[PDB]
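Have a look at the structure below before the remarks.
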Amino acid sequence: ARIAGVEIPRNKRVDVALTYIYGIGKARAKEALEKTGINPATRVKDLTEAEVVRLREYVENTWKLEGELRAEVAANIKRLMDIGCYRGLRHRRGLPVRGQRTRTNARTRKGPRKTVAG
Amino acid sequence: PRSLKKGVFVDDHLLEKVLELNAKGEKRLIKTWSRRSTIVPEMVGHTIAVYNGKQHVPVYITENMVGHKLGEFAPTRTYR
Amino acid sequence: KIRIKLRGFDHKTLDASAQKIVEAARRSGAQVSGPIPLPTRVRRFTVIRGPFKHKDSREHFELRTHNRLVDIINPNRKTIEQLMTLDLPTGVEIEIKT
Amino acid sequence: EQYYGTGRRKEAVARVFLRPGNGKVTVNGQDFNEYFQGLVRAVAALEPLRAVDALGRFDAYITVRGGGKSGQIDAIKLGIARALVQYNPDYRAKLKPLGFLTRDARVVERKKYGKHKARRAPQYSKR
Amino acid sequence: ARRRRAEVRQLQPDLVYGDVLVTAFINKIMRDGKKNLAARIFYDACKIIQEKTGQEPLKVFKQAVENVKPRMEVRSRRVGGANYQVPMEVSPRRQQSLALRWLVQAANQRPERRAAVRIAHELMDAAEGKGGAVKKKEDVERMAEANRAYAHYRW
Amino acid sequence: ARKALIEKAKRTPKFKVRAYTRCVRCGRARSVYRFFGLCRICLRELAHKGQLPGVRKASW
Amino acid sequence: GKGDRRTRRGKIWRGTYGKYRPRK
Amino acid sequence: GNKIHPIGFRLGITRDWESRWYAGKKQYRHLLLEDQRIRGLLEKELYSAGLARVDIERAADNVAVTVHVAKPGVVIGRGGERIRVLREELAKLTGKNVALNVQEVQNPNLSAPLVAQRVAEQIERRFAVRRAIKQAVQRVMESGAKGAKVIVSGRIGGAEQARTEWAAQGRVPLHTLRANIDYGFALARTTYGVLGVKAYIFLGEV
RNA sequence: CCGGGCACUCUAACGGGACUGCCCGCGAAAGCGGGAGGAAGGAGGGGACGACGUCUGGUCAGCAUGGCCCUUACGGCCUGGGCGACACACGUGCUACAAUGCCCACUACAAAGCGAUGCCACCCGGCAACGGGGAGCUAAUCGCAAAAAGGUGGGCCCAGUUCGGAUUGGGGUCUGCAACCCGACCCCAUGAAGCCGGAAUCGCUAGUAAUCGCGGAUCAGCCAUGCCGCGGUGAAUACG
Ligand SMILES: [Mg+2]
Ligand SMILES: [Mg+2]
Ligand SMILES: [Mg+2]
Ligand SMILES: [Mg+2]
Ligand SMILES: [Mg+2]
Ligand SMILES: [Mg+2]
Ligand SMILES: [Mg+2]
Ligand SMILES: [Mg+2]
Ligand SMILES: [Mg+2]
Ligand SMILES: [Mg+2]
Ligand SMILES: [Mg+2]
Ligand SMILES: [Mg+2]
Ligand SMILES: [Mg+2]
Ligand SMILES: [Mg+2]
Ligand SMILES: [Mg+2]
Ligand SMILES: [Mg+2]
Ligand SMILES: [Mg+2]
Ligand SMILES: [Mg+2]
Ligand SMILES: [Zn+2]
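Sequence order for the protein chains is M, S, J, I, G, N, V and C. Every number in the deposited numbering is 1 more than the matching position in the first sequence, counting from 1. Every number in the deposited numbering is 1 more than the matching position in the second sequence, counting from 1. Every number in the deposited numbering is 2 more than the matching position in the third sequence, counting from 1. Every number in the deposited numbering is 1 more than the matching position in the fourth sequence, counting from 1. Every number in the deposited numbering is 1 more than the matching position in the fifth sequence, counting from 1. Every number in the deposited numbering is 1 more than the matching position in the sixth sequence, counting from 1. Every number in the deposited numbering is 1 more than the matching position in the seventh sequence, counting from 1. Every number in the deposited numbering is 1 more than the matching position in the eighth sequence, counting from 1.
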């Protein structure tokens, strides 16, 4: 049931399925199935043309999803990065940004360990 | 995911000093030690020298940085 | 009709002190609610034996604050007499509010 | 008319009030099978009765407080064994070979310092 | 155990069958000390050996264990830098310990998603004479024999 | 306890923020209990004496 | 698990309350 | 180093507190700092008198302070002199008007706090540590005592290398939490450094 | 809940009780094995407690202290920065990698502690953190509190997933003179590695290990997954 900018959830419950949409997840799932009054447990394949239409309508108009959403974040980071901003540098140098200790566990933001001679 | 409830913060000596320059039109170069102050449109166009703990750095303020605090533009440490 | 909680650190300088307020008010008023215990509130301090490092030795210190009740129903002048200012022990503090 | 017994375990207190009857066991104003809602071992608690052909000759009102259902289960088992002997003293004569009368003294060991859990000691290295 | 020979910790009989072996088996299933869910799993397994076998579960259980019990095993013993696999008898105590342990082990290697199924099917194939548990038992006994040569290091 | 740093007693600090415990015997500004105004070390010393009423050797 | 900020148990572990762990 | 302070180790039984007053969460830390301030004065004042113990009881603005001594005369003064000059500085300290009794010590040889305080004395005058201690232990053993034992720290004699002198006689069980052993410390400023004295006096068991 | 009553639970104080005392076997004796009585049996279980001495062990930044050295300064005040830096290496931990599980709902058993400008019932506003209002307690009579695991029901259907929550974007709450460096918290969004870990290596012998949650000290707040302590459920194995 291609909803948000070319989505495709199927064979699984709609809520769980709606998730596969970028800007969507658990929370916003209920909201859409709640307001759009569709049973959350129906298989996307068991949906009604009348419901899919409705769903898409709410979801696509109410929240910034997929591609567009990314564009925003991208530009958001490039922003505090274009400006002197400290967080900018961190995004630049590549080290964490939410004031965490880098002497150790910072692998997720740093990547594989580039071991050097001691 | 920032914070500061209701009532932005800016140190007096810096604030009631910046706007004091607007009255006289415009000034050239300032310098505070309170990097704790929030930036505000009142500053747009000015140049505040923020102390990092060792020096006073010229920090040209712009509309795009109106929310950040001076310190964010005066990096504390020196690395590689 | 007389709430008088006896609190002390020594469980003997109390049990004894309450045994007074009871007798010195038994034959003067009713018979009193006898001495009532009430769970003790033990404080605790756990400090490292020596200074600097050695963080695995400690040693434990408490400070149990015992309790008591008494409670005399039906006070009769001579009762508030045998009491009044006829207290003795030093390791006790009393609260009255009959 | 009635028969009492206490019983306690792993820090749990069970009040046992036996009375002749059809075997209607209650616990805190609740059906036995209600308080111990499917806890497999629950049955245990009454093992002393079933150990003297009772149960179907007795009935019991029970108050249980402190700890957890498992302890309570055994705490009960005791009183019901004590009262059972309190009812008829010649009972223990064969109720003891199963020690239903012993009050399991096994209790949580204090948490010592320098050690994660009384015994569980911190792990080390470079040794 | 340097002082005296440890006590074979006596177990309490099974509530549902009054057997101590069952409890033992139940204990090996239990993990994180959750005897309920442990006891449960086992019993559902017995009920499954019903909807599938006209024989009494306990009957199955007993026979399953009896087959997964190794009667000979290898134990190391240094003698000149090279430690040889000495084959020796397996005492009933361990013979039982090893069996139950192996049952629960093999059972949990199985593909069926539900716990009790895995256990019932393992108990089942156990009495049948097949299945991973009985496998280990056999690979072991094979180890002895394959070392009769070193049997003279009995002790 | 650098003396000049016994300026804790100075009450008025500008902001109650800058107010800190300090041992009322040694000056220790660490592991300084409240119910005693003492540091973990003196608490131990005096306690061993008796100058800390009630404070006995805990055991259980 | 206990690590999940936005789930029942996670709230408990982190000691807090919120939409995922109401006061009642 | 090990061994628990034999006093704090017996505070329960065979040894009572030196401050038997009950305050509370809000007061306690205050009524505590007080005693100190007190003992502080009673220390750097009544030294010459030879202060053994210095109890302190309270009842709200009513404080005891039964200073035990060897030479009560020094505490008193001519007539009733001193035991007033100080009874004065006292309320200047504790704004809670307190007494200032005085009890005497039955033999300054059974008073560990003194014996130790004593051996420390000789050590400052430059006496012979080994003997000083041998004597001390004796003084104590002659004047009763089911056991006694003194101990000095190191640098004995002025030696660049710190040592530790012994001396002990008659049962002095530190493990039998029932015996009852008065224990006393005592420093010893010196030309070249501090030394430390300890006295244990076993007297009566049950 | 009220009357009412102390029996029962409990609260806390004193005391009773276990000594190989009794029974049989062995023994010179001490004692050993078994057995009855008994809540408990041979040190019932756990604490406190650590000999003469060792390491020139640790600590002069707790404190005390000999000598040494500085005295517009090696002393003092302050604002800001730093102790939180990160190509790397190690120790102790936390949370996981899932179905003996995760989620939602309903529903059941704890112990030990803490509470004046503190715990904060109940109420209303908010998805919420939190805010506004406000009762009770000086606390066995009020509050923190919900114990969690568990039990019942329903969902997920073996997938990097309804496993897992890193990381990052955005919005906001509270503490605080002030959260850039550098606080915690809530909500939305993002949703990483991880499929049980090489060589090697740690803990534990019973209500122990393993697992589950609860309190407290410090403390404005908090970087506590740390430490000290509490109780629920509750094993395996020891020939030697
Ligand atoms: Mg999504
Ligand atoms: Mg430590
Ligand atoms: Mg440690
Ligand atoms: Mg535990
Ligand atoms: Mg100093
Ligand atoms: Mg502070
Ligand atoms: Mg999850
Ligand atoms: Mg001993
Ligand atoms: Mg050295
Ligand atoms: Mg060193
Ligand atoms: Mg020095
Ligand atoms: Mg400074
Ligand atoms: Mg550091
Ligand atoms: Mg950790
Ligand atoms: Mg993924
Ligand atoms: Mg998987
Ligand atoms: Mg052991
Ligand atoms: Mg062993
Ligand atoms: Zn101190």
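Even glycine gets a Cβ: it sits at the ideal position worked out from N, Cα and C.
Worksheet item: Once you ignore the five residues that flank residue 138 of chain C on each side, which residues in its own chain have a CB closer than 8 Å to its CB?
Response: 149, 150, 151, 168, 169, 170
Discussion item. Nearer than 6 Å: is that true of the beta carbon of residue 25 of chain M relative to any heavy atom of ligand 1?
Written reply: yes
Discussion item. According to DSSP, simplified to helix, strand and coil, what is residue 43 of chain J?
Written reply: strand
Worksheet item: Thinking C-beta only, is residue 127 of chain G closer than 7 Å to residue 158 of chain G?
Response: Examination of residue 158 of chain G is not possible in this model, given that chain G is present from 2 through 156 alone.
Item to complete: Counting only runs of 4+ residues fully inside the segment 16-60 of chain N, write out the alpha helix (DSSP H) ranges in chain order.
Response: 41-50
Fill in: Within 9 Å of chain S by C-beta, residues of the segment 70-94 of chain M in sequence order
80, 81, 83, 84, 85, 86, 87, 88, 89, 90, 94
Worksheet item: Hey, would you say the C-beta of residue 10 of chain N is under 6 Å away from at least one heavy atom of ligand 5?
Response: no
Discussion item. Taking its Cβ as the centre, do 16 or more other Cβ atoms sit within 10 Å of residue 124 of chain I, making it buried, or is it exposed?
Written reply: exposed
Discussion item. Tell me the rounded alpha-carbon separation between residue 16 of chain S and residue 28 of chain N.
Written reply: 40 Å
Worksheet item: Where do the ends of the alpha helix (DSSP H) carrying residue 6 of chain M lie?
Response: Here residue 6 of chain M belongs to no alpha helix (DSSP H), and DSSP marks it neither H nor E.
Item to complete: Closer than 7 Å by beta-carbon distance: list the chain N residues that pair up with residue 65 of chain J, in chain order.
Response: 55, 56
Discussion item. Given this structure, state the Cα-to-Cα distance separating residue 32 of chain I from residue 75 of chain I, to the nearest angstrom.
Written reply: 17 Å
Fill in: Bounding residues of the beta strand (DSSP E) (the contiguous stretch that carries residue 89 of chain G)
87-90
Practice prompt. Give a yes or no on whether the minimum CB-CB distance between residue 65 of chain S and chain M is below 7 Å.
Written response: yes
Worksheet item: So, is the C-beta of residue 30 of chain N closer than 7 Å to a C-beta in chain J?
Response: no
Fill in: Whole-angstrom distance between residue 6 of chain M and residue 13 of chain M, CA atom to CA atom
19 Å
Practice prompt. Please look up how many angstroms separate the CB atoms of residue 88 of chain G and residue 69 of chain G, rounded, as I've assumed it's under 8 Å.
Written response: Not confirmed; about 19 Å, so no contact.
Item to complete: Output the boundary residues of the beta strand (DSSP E) element that contains residue 59 of chain I.
Response: 59-66
Item to complete: Using a Cβ-Cβ cut-off of less than 9 Å, list which residues of the segment 30-62 of chain C approach chain J; keep chain order.
Response: 58, 59, 60, 61
Item to complete: Answer with buried or exposed for residue 85 of chain J, where buried requires no fewer than 16 other C-beta atoms within 10 angstroms of its C-beta.
Response: buried
Item to complete: Kindly list, in the order they appear in chain C, the residues whose Cβ is closer than 7 Å to that of residue 94 of chain J.
Response: 23
Worksheet item: So is residue 11 of chain G buried or exposed if we call it buried at 16+ other beta carbons inside 10 Å?
Response: exposed
Worksheet item: Of the residues that make up the segment 46-80 of chain J, which ones have a beta carbon closer than 9 Å to any beta carbon in chain N?
Response: 46, 47, 48, 49, 50, 51, 52, 53, 61, 62, 63, 64, 65, 66, 67
Item to complete: Name, please, each residue of chain J whose Cβ falls closer than 8 Å to the Cβ of residue 115 of chain I.
Response: 58, 59, 60
Worksheet item: With DSSP run on the structure shown, which of helix, strand or coil describes residue 84 of chain G?
Response: strand
Item to complete: Spatial neighbours of residue 70 of chain I within its chain, please: CB distance less than 8 Å, with the 5 preceding and 5 following residues excluded, ordered by chain position.
Response: 36, 37, 40, 43
Worksheet item: Excluding the five sequence neighbours on either side, which residues of its own chain have a C-beta within less than 6 Å of the C-beta of residue 20 of chain N, listed in chain order?
Response: 14
Worksheet item: With a cut-off of 7 Å, does the C-beta of residue 16 of chain G fall near any C-beta of chain I?
Response: yes
Worksheet item: Should the segment 41-56 of chain N be called in touch with the segment 62-71 of chain J, which here means at least 3 C-beta pairs below 8 Å?
Response: yes
Worksheet item: For residue 79 of chain J, does the count of other Cβ atoms within 10 angstroms reach 16, so buried, or fall short, so exposed?
Response: exposed
Worksheet item: Below 8 Å, can you find three or more Cβ-Cβ pairs linking the segment 40-52 of chain C to the segment 31-48 of chain N?
Response: no
Worksheet item: Since residue 16 of chain I meets chain G, which of its residues come closer than 9 Å, beta carbon to beta carbon?
Response: Residues of chain G passing the Cβ test: none, with the nearest at roughly 24 Å.
Discussion item. Could you check whether the Cβ of residue 21 of chain N sits closer than 6 Å to any heavy atom belonging to ligand 6?
Written reply: yes
Discussion item. Residues of chain M with CB closer than 9 Å to the CB of residue 59 of chain S, please, in chain order.
Written reply: Here the premise fails: no neighbours, minimum Cβ distance about 11 Å.
Fill in: Beta carbon proximity, residue 25 of chain N to chain C, threshold 7 Å
yes
Discussion item. I'd like to know whether the C-beta atoms of residue 19 of chain J and residue 94 of chain J end up nearer to each other than 7 Å.
Written reply: yes
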